[PDB]
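For ligands, and for the atoms within them, numbers begin at 1 and follow the listed sequence. Just so you know, these numbers use all the heavy atoms, side chains as well, and skip hydrogens, waters and symmetry mates. Along the sequence shown, the residues carry numbers beginning at 1.
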Amino acid sequence: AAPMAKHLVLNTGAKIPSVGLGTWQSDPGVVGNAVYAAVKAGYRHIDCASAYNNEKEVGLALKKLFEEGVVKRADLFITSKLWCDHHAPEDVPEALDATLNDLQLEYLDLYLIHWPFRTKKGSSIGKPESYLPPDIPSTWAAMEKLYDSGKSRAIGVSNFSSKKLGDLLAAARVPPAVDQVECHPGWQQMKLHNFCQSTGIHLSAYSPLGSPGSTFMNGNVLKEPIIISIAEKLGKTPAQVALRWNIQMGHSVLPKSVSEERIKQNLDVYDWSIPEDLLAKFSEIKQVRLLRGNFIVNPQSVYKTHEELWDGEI
Ligand SMILES: C[As](C)(=O)[O-]
């Protein structure tokens with residue numbers, strides 16, 4: 001039974017560690033070492049997905065950590081995600097079993113619907129011929145079976161707007177435990193934050209450093225003067241300040257890195273805080289969604305506009 005500090009409580013009663021290692025766009029050749037180093041450094045939460053094409057390499061690192069006695073299975077919170085082409089009820093358990101085979105696990109702590117979007121089994125999502133209308137209640141009922149069987153100890157969604165999340169909550173027997181979404185100082189998700197707090201759904205922040213591959217204007221939010229300024233005042237890195245902001249909002253954060261030193265720095269967000277007067281200044285940062293869902297917004301999609309995909313949250 002995990003402690004209070006450094007965790008949030010899910011609506012299941014389970015505790016989610018408030019920092020996890022992101023593995024989105026982590027190259028299969030280096031993710032193993034990243035996972036091993038992360039857990040060695042004190043991470044107790046790994047965020048994975050079938051779609052990231054690297055769960056086998058994550059699995060090898062978990063196996064190593066367990067065999068070396070660094071951690072036991074019960075010490076880790078492991079998340080994976082259901083891809084768009086496995087939304088049919090018989091395909092949901094097939095996807096989870098494949099994921100569990102790759103991660104070399106018997107259960108997940110959390111399993112998420114990756115997007116509110118559906119495609120034909122084994123199709124390429126880049127082609128409109130692949131598209132199918134979502135049936136989230138149907139897919140969710142299949143997810144509820146995994147919850148009931150203990151194959152996933154919690155179930156949730158990813159990239160659901162407040163509206164879509166609310167609609168699922170109204171329809172579901174088992175409420176979503178988590179909505180995993182882009183959340184960082186440049187996209188603070190105050191509407192979804194408030195909705196989540198009001199309904200008991202956990203907001204988990206992906207891309208908590210914005211877009212490190214970008215220039216300042218294109219999404220490197222760590223170049224915001226306010227963040228730099230606060231970083232200098234508190235003797236921390238801009239990344240640390242961005243992450244701590246999210247922590248103080250009561251979110252979990254999922255910083256992705258394959259650099260051991262960056263992985264270590266990204267965990268140093270607990271033994272200090274941002275003063276209330278400095279925290280207020282985050283309200284001045286320009287708000288722009290960086291992961292806009294372009295791949296599923298087009299004339300052939302159920303979402304003809306970004307406003308439709310995000311129910312106005314853009
Ligand atoms: C962090 As993502 C774009 O795989 O939902």
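- Shown here are the side-chain hydrogen bond (donor to acceptor under 3.5 Å, both in side chains) partners of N54, two or more places apart in sequence or in another chain: there are none.
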Checklist entry - Which is it for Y131 and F117 under the ring-ring contact (aromatic ring centres under 6.0 Å, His included) test, yes or no, and what are the steps along the way? => result CA-CA 8 Å; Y131 302 168; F117 196 83; 5.1 Å; yes
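- The protein non-hydrogen atom at the shortest distance from atom 5 (O) of ligand 1 is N159 ND2, 3.0 Å.
- Of the N or O atoms in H114, one or more lie within a sub-3.5 Å distance of an N or O in ligand 1.
- Taking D268 as the reference, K236, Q240, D271, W272 meet the side chain to side chain contact (heavy atoms under 4.5 Å, CB included) condition, with sequence neighbours excluded.
- Side-chain contact check for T237 and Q265: no donor-acceptor pair (N or O, by modelled atom type) lies under 3.5 Å.
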Checklist entry - Given the rule in the side-chain contact (heavy atoms from CB on, under 4.5 Å) test, do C196 and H202 qualify, once you have shown the distances and angles that lead to the verdict? => result CA-CA 6 Å; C196 281; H202 174 74; over 6 Å; no
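- Residue contact check: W24 has heavy atoms under 4.0 Å from atoms 1 (C), 3 (C) of ligand 1.
- Proximity to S158 (heavy-atom distance under 4.0 Å) selects the following atoms of ligand 1: 5 (O).
- Among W115, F295, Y206, the residue whose heavy atom lies closest to atom 1 (C) of ligand 1 is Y206.
- Near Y52, meaning under 4.0 Å from any of its heavy atoms, are these atoms of ligand 1: 1 (C), 2 (As), 4 (O).
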